[PDB]
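Colleague: build me a structure from this.
(7 chains)
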Amino acid sequence: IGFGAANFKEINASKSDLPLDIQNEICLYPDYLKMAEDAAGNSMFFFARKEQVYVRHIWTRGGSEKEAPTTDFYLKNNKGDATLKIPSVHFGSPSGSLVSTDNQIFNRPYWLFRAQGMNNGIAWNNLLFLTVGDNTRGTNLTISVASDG
Amino acid sequence: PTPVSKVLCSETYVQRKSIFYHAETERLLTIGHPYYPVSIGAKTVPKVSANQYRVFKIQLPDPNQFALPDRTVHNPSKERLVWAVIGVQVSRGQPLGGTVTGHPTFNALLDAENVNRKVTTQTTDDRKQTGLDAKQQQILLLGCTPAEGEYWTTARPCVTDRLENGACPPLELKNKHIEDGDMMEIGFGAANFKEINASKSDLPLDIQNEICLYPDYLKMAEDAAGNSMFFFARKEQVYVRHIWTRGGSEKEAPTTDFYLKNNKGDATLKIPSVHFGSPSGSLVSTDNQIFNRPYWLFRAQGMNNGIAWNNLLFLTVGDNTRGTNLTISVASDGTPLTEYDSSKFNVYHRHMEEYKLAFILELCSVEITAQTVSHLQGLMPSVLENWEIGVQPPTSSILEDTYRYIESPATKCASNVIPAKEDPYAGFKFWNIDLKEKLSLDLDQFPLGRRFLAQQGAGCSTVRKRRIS
Amino acid sequence: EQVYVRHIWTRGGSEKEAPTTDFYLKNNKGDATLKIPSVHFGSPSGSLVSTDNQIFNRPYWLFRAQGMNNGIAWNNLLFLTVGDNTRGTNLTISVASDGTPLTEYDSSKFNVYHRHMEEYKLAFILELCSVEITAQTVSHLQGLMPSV
Amino acid sequence: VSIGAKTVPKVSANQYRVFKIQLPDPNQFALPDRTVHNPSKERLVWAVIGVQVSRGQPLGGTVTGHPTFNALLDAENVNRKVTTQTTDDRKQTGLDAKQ
Amino acid sequence: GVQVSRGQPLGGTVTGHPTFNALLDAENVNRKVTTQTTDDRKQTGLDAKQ
Amino acid sequence: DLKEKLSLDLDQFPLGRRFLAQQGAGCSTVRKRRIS
Amino acid sequence: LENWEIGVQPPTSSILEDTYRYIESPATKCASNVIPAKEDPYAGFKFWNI
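Modeller: Residues are numbered from 1 along each chain as shown, chains lettered A, B, ... in the order given. The protein structure is shown below:
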């Protein structure tokens, strides 16, 4: 979701840098490069991906700075301060594109005719791995119970 | 015999053997501050941005110095072997997202708003913290010689003197090649801003003080060789997102024939009237990005259909699509903060880009007939040297004088120092990717091989996962 | 060409013609006739431009014109009318009002300049073509054109 | 614009560049043969087959504005009530081109 | 065959009204709804439905 | 003015190859097919 | 042997060079740079030009 992938646990010591759901948890990503290299190809028979995003707002962190832009970039002003103090990190908020009835990749039978590896779909070890993720379908559900019954 | 005066398309004197190779580079990573080089202690931190043309020099293994198990391989003096690219597949490994850039104190007085209060005379400062989304684009181009870019600079003014101190500089176009750490075009005209922004408030902090290049497609399409680019692709969308106004004093306002004065108003207009927009990239997709898509080159756009002259390749690949910055927050004491302070957490800023390169080169023997040999003189001075066809006079037939213990004082001083010879592209610098060993002959083995044979018809793996819906 | 409204504004001129009482219903303590002008013009909006939408650098092979003249350079002359606001973006500049880099940041020291620059190229694939000069055809041109 | 006694052409992004491509007369040229059209039978001309206008510059959007535009109010529902027009109501206005 | 030709510069159509009837909108940080005054009309812009 | 910057060798220029390409008389066919 | 195009590194036409309009404008660079284009040899001396 919008930010680089990392076990944020060691990157956010502030607790204010992530959306509460994602925080303290590890953000993975598909290392397509690795998958395309394995001789076996066991990693993936085939695969599909559709993802759109774009900036929607632009914000600024609020941490003290250990490295400001040198005087060769920042020109001081009257009654101003020698060095810049307010942090200059500009991360944008990730935006999800409008979703359609046609864009979602599902309910669509995938006929596998030739895999991308030397393994055209052989269930070695009588086992299969299905990695399916999409934030398209999901919408949260609210509720409201009386505090007395 | 030296008759020819016009160029001949490279296919005519180039024989194509039917051999193929697969050159796969191991994944490349680089990380660092998005904006400007940082300096902690006595070491540095390369300013690695998402808006810089990564320019690879893929240096090849000289073909003409290989192994020939047979007599069929070209005769030692009739012909020479080289490389010819057929396929290229630049792979970009990172999570998709949009690129943002800003600046601590930008120069924007006011915007396109109708209910905003009236413009206060400019105060000593009007700068503010500014967000500014990148103007999304993607550029890929393969060739023999480095790609050329264009930009605007200030041309020396004439002796004629009607000059003043604030007088505007004359402008002029200039060419240059594209190196490894150059700037992508983000919304503003291309120029070594260094002489255009004397205010330091006119650019996004990352781009400032650096030169913005651009692809001079016009120039590339004119070179006879075509060495400039074998092929190339570009996709870029942008549009205005806000409209702002500079904050500088004006040396030229609209004459009274345009501006109608008002009661108690002022004779001449004083607040500057420059309206530059801020460009925001269109939403990026999983289909728009031009990568991981093997490019089969069947005919180049020049007389050179992919001949690695000088056993060298130039890959100029730039896109701000993949890039997204990475924030961090370390406690200023080393111990998790018990309470929330504005001083305790130090915000760090690291961003990271990753590539991969894959080529399907083929072997190709150029004949060496008096005529064709000659011909290359005008096509290129340098590749002849690799051939070794040119003569070097037998002057080792001059007896120079060696000495023993050239150190002894009575003996000659031997003060003079030999100077090492320069390389063709040593003044300029760029990422250097060596492929001399990471090259092979088994197409089936690699990713881009099957991808190749598949299209060929000789496939153990055909690229089809037909989906009906 | 694409466009669409992006804001909606109102002129500020006195009105010589307001909507009659059959359209405007008066209110308490209000005024008999409407005085504030009611002109609503929208601001033109240019939508996002692409690498594919722009019509250029794309050789146009002319195979049949739309007139009785399939590309004959009568009078050995051609007219190329080409206009597009797609490429263009303005260029700002800032020179110190004294010639020396500013040590402090003033609103008066840097003079904002304006420079914008446009570049073209033209390429044609003309072919040779001989018109016969028979009494009949010769004549014919009298009414087609006086000058050629 | 006008600095000193010289000018500066107002070069905008919204002006029809109209080229007059003047050609080399095809009728007065060197005929090294006889099959070349007879001197009084016919005349040669030019015929365009291909045209390729190349535009070299970085892509982007065009903006234009004005120091004091005439706009009293807009299509907003929570904006305060319209004050009688003052002596002036003009403001600095941004206005993106209609591509 | 029929070919209706429209000769004019392209653009969007706008329409408004001196005093429209709109009390409030879909905004979350807007102050609380004041009881309707004698009048709540305002000058209204309204782009055509192309 | 184009009175002198006019030639007869189609192969030489950018728009020439671009032309011959379509024609079938090609030293450079306009194809850089991309599959994805 | 030169103009004739018999022996040369590149076609004169193939090379792309700048050219401005209104080169007298102070926005633009001065006319002296005009000398870069190949220069007539007898330019030092002068005579009636027909």
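
Colleague: residue B:450 is in contact with residue A:36, correct?
Modeller: No - using CB atoms under 8 Å, residue A:36 is not in contact with residue B:450, being 9.6 Å away. Placement of C-beta: from N, CA and C, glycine included.

Colleague: pull up the overlap in contacts between these two.
Modeller: Listed contacts common to residue A:36 and residue B:450 are residue A:116; contacts here mean CB atoms under 8 Å, 6 or more residues apart in numbering or on different chains.

Colleague: once you drop chain neighbours, what's closest to residue A:40?
Modeller: With CB to CB, 6 or more residues apart in numbering or on different chains as the criterion, residue A:40 has its nearest non-adjacent residue at 5.7 Å, and that residue is residue A:119.

Colleague: helix or strand: which one has that neighbour?
Modeller: Residue A:119 belongs to no helix or strand when assigned by DSSP states H and E.

Colleague: what's near enough to touch the residue most central in space within chain A?
Modeller: By CA atoms, centre = their mean, chain A has its centre lying nearest to residue A:1, at 3.2 Å. Residues in contact with residue A:1, defined by CB under 8 Å, 6+ apart, are A:19, A:22, A:27, A:94.

Colleague: same thing but at 6 Å, please
Modeller: Shown in contact with residue A:1 (CB atoms under 6 Å, 6 or more residues apart in numbering or on different chains): A:22, A:94.

Colleague: give me phi/psi at residue A:128?
Modeller: Phi and psi for residue A:128, reported as degrees, to the nearest 10, are phi -130, psi 150.

Colleague: could you pull out the helices for chain A?
Modeller: Assigned by DSSP state H, chain A shows helices spanning A:32-35.

Colleague: and it, which residues reach chain D?
Modeller: Counting by CB under 6 Å from any CB of the partner chain, no position of chain A is adjacent to chain D.

Colleague: residue contacts, the closest residue to chain E within chain A?
Modeller: Closest approach between chain A and chain E, counting by CB to the nearest CB: residue A:57, at 15.4 Å. Taking CB under 6 Å, 6+ apart, we find residue A:57 in contact with residue A:93.

Colleague: need the residues of chain A near chain C, please.
Modeller: Neighbours of chain C within chain A, by CB under 6 Å from any CB: A:75, A:77-78.

Colleague: and of those residues, the nearest to chain D?
Modeller: Here the nearest of those to chain D, counting by CB to the nearest CB, is residue A:77; it sits at 22.9 Å.

Colleague: dump the residue contacts of the closest one.
Modeller: Residue A:77 makes contacts with B:125, C:105, as judged by CB under 6 Å, 6+ apart.

Colleague: kindly state the beta-bridge partners for it.
Modeller: residue C:105 (DSSP bridges).

Colleague: still on that earlier bit, correct me, but the residue nearest to residue A:40 touches residue A:41?
Modeller: Yes - applying CB atoms under 6 Å, one finds residue A:119 in contact with residue A:41, separated by 4.5 Å.

Colleague: the two: which has the busier surroundings?
Modeller: It is residue A:41, of residue A:119 and residue A:41, that has more neighbours when counted by other CB atoms under 10 Å in any protein chain shown, with 22 against 18.

Colleague: quick one, what contacts that one?
Modeller: A:115, A:117-119.

Colleague: can you pick the most crowded of those residues?
Modeller: Neighbour-wise, the contacts of residue A:41 (other CB under 10 Å) top out at residue A:117, 23 neighbours.

Colleague: quick one, phi/psi of that residue?
Modeller: Dihedral pair for residue A:117: phi -150, psi -180, per degrees, to the nearest 10.

Colleague: from chain G, how far off is it?
Modeller: From residue A:117 over to chain G the distance is 47 Å, taken as CB to the nearest CB, to the nearest Å.

Colleague: one more: residue A:77?
Modeller: Per CB to the nearest CB, residue A:77 is found 31 Å from chain G.

Colleague: how about residue A:67?
Modeller: Distance of residue A:67 to chain G, computed by CB to the nearest CB: 40 Å.

Colleague: just residue A:98 next, same as before
Modeller: From residue A:98 across to chain G, the span is 45 Å (CB to the nearest CB).

Colleague: hmm, residue A:84 is touching residue A:67, no?
Modeller: No - contact criterion CB under 6 Å: residue A:84 and residue A:67 do not qualify, at 10.2 Å.

Colleague: could you report the neighbour count for residue A:61?
Modeller: The tally of other residues near residue A:61 (other CB under 10 Å) stands at 20.

Colleague: let me know whether it touches residue A:91 as I believe.
Modeller: No - contact criterion CB under 6 Å: residue A:61 and residue A:91 do not qualify, at 7.2 Å.

Colleague: ok, residue A:108 - how many residues close by?
Modeller: Neighbourhood size, residue A:108 [other CB under 10 Å]: 10.

Colleague: what does the one 4 residues further on give?
Modeller: Using other CB under 10 Å as the criterion, residue A:112 is surrounded by 13 other residues.

Colleague: that one is in contact with residue A:120, isn't it?
Modeller: No - counting by CB under 6 Å, residue A:112 stays clear of residue A:120, with 7.5 Å between them.

Colleague: which pair of the contacts of residue A:41 spans the longest distance?
Modeller: A:115 and A:118 (8.2 Å; CB to CB).
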